[PDB]
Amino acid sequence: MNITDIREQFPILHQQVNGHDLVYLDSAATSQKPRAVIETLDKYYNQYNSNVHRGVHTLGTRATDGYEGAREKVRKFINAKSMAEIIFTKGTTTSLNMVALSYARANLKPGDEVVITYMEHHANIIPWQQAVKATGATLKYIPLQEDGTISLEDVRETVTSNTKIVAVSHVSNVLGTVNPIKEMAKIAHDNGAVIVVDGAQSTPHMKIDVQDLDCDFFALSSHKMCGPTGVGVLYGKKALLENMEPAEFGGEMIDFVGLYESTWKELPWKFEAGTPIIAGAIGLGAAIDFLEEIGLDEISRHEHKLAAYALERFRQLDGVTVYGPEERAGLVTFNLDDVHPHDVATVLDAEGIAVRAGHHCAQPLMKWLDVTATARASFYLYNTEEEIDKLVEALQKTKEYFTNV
């Protein structure tokens, strides 16, 4: 896996910010796109843009072929059984909302439990809050270990026979944790519950096998995996998606429409109201082709390389706290002793280094960590050890600078 060759594919990387070479370390907020994706979008709008699913004229046929072929690439990419289980959405937030609306709100009675965790992104928290509110059910949290991982025994004790939904992240956008999704699916099924995986931060960086994970729902976002903004995927087990009613209504999702009553389409289109995100989904398919040609396991190896490197070099700086486990994905969330993370991020951007500062859409986790805010540096398949060197050097310079005041 030659990473110079990969970086030459991303035009955004080759610029300067405030006089310094750009060091983009914020892929966990959003990733950059290779020429293959951008040029897929260009070819779409230049050559075969048309509305889909009325194979009547040639460009319509070409566009439909592109869109549904993107659906098939997504099916292969996460090892789903059928394209009917692959639904295009606006992003992970919308997919989780669709499960919360069309599954939770229809299958929850008082006394039923929805269990999540303290490390969950807001997208995997608030929909469940609102659903238990609407149904009178109960929201429960799985406690975290002091290194920010989840114990299987805490899972077994928190999920009871009254649990109908367990909702959990695959990889934490803050701690870097990789959660035991497979074992947790077994534990949820033993108690008669479904399991909903927020896969927003796992899909870009590691292979997904929904058959091996046996997850009932899986949600992912294109913009974090080299794909266009505005598009993501909901995977649901076909059997579950058959009995869920649509979250949105309109054209393209109906069969017969009367004055007062309508019947829906078969899956997947039952859950795709309106003109779909045609260009965005085709570009996501291009992103998938790109990743598969690099190789997802090679990308995982690269990220483990960079994460081990980052942890070791961060431990070479005194006065820096890193949050989370040692086994992790390619991100380091941290703080500097007596320096606010926003300030760290500002000085790093003055050095041309892009990190995030704030709560990372995980306020309960921030409270659990006993901090109000954090800095985070996130790595992807275009990032190098030289860039982490620059990060830790700038962190040292920042701490020297704030000591001399």
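In this text, the rigid core denotes the largest set of C-alpha atoms whose superposition between the two forms falls within 1.5 Å. We number the residues from 1 along the sequence you see.
For the pair 361-369 and 39-47, greater average C-alpha departure from the shown form in 9 other deposited structures of this protein after core alignment is found in 39-47.
Here the stretch with the larger average CA B-factor, out of 345-353 and 58-66, is 345-353. Looking at mean Cα B-factors across 328-336 and 221-229, the upper value is held by 328-336. When the Cα B-factors of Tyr235, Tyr103, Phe271, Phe77 are read from the PDB record, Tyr103 comes out highest. Reading the B-factor column for the CA atoms of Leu96, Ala200, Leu317, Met83 in the entry, the top value corresponds to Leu317.
Per-chain ranking of the deposited C-alpha B factor places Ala188 in the highest third. For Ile87, the recorded CA B-factor ranks within the lowest third of the chain. Only modelled residues enter the ranking. Remark: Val371 belongs to the highest third of its chain, ranked by C-alpha B-factor as recorded. In this PDB entry, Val155 carries a Cα temperature factor that places it within the highest third of its chain's modelled residues.
In this PDB entry, the Cα temperature factor of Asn124 sits in the middle third of its chain's modelled residues.
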